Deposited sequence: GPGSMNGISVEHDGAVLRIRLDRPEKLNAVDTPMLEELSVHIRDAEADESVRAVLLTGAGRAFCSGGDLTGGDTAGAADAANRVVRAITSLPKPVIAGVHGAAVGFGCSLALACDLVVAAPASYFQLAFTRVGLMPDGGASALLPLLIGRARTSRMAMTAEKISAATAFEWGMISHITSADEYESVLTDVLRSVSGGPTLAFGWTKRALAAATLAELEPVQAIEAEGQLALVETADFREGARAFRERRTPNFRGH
C-alpha cells in the first residue's frame, strides 16, 4: 500500500506500535522482504520506550493468507515468530477474515489474539503438497493438543474463530458487531498495564512452552526445502493456480 515499506504499515498511537500487514490486493500474502521488514519493527519495539504494546492487524479482507525463495522466506518467517515471542512486551493480533498457513503461525505467535466472528485459522499447506511453517508444528500443540493439530495439518480444514476459542487456540473471541470495540478495549487495557511484569511473564511462559520452537522450525525449513522438489508440490502449485482439485501421488 501507499506509505508502507515492503508491504508493512507502522504508526504510533500513544503507547501502541500499530503494525499492519499492507498488501490487501494479495490478501496480505507474505514474501521475504515483507517478513524481514516486519521483524525489524517487532525487534525495534523493545528499545522504543514509548511502546508499551504492539498491535498486529492486516489491511483488506484478510489478516494474512500466508506465503506466496524457499530457504529465504522460511528463515524470515521463522525469525518473525521468534521476534514476537522474545519481545518483552505484549503483542496482540487483531484477526479478521482469513489466517492461513504462515498467517495462522503469525497470529498464534502473539500473546493475545482477538478474533472477529467470521475470522478463521487454517493450515492449507497440505492442499499444495507442503508442510506447516513458521513454527506452527510447535505452537499449535501447546495451544490445542496434538490430535487437533494433527487434524489441522493433515486435513487442511478451516477452523472458525468460535471453534479456535473453544479449543484454547486463541485468547479472545468476539461476536456480533463488537470486534472493533473489544479489540480497542483489550488494547487500551494492556497498553496501560504493568509492561515490565508482562515482559517477565512472557519470558517465563516462553521457557515453559517454546523449548522446541527453534528445533521444530529447523525441521520445517528442511522439510519445505525437500517438498518443493517433489512431484506432489508441482501438481499442488499447478492445481491451486488452476482452480482444479490436485491429483497427489506420494512422490
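Residues of the deposited sequence with no modelled C-alpha atom fall in a single range, 69 to 72.
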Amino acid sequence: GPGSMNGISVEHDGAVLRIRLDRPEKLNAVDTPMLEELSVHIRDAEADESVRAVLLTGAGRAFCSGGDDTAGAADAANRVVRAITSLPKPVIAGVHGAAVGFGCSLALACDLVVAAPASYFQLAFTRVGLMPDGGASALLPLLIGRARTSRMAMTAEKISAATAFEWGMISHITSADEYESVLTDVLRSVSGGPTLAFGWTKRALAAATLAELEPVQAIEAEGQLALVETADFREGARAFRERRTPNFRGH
From here on, numbers count along this sequence of modelled residues.
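Checked against the record, the higher mean CA B factor of 119 to 127 and 98 to 106 lies with 119 to 127. Stretches 231 to 239 and 13 to 21 differ in mean CA B factor, with 231 to 239 having the higher one. Considering 58, 67, 223, 192 together, the PDB entry gives 67 the largest C-alpha B factor.
The PDB entry assigns the greatest CA B-factor among 206, 45, 182, 62 to 45.
When the modelled residues of the chain are ordered by their C-alpha B factor, residue 72 lands in the highest third.
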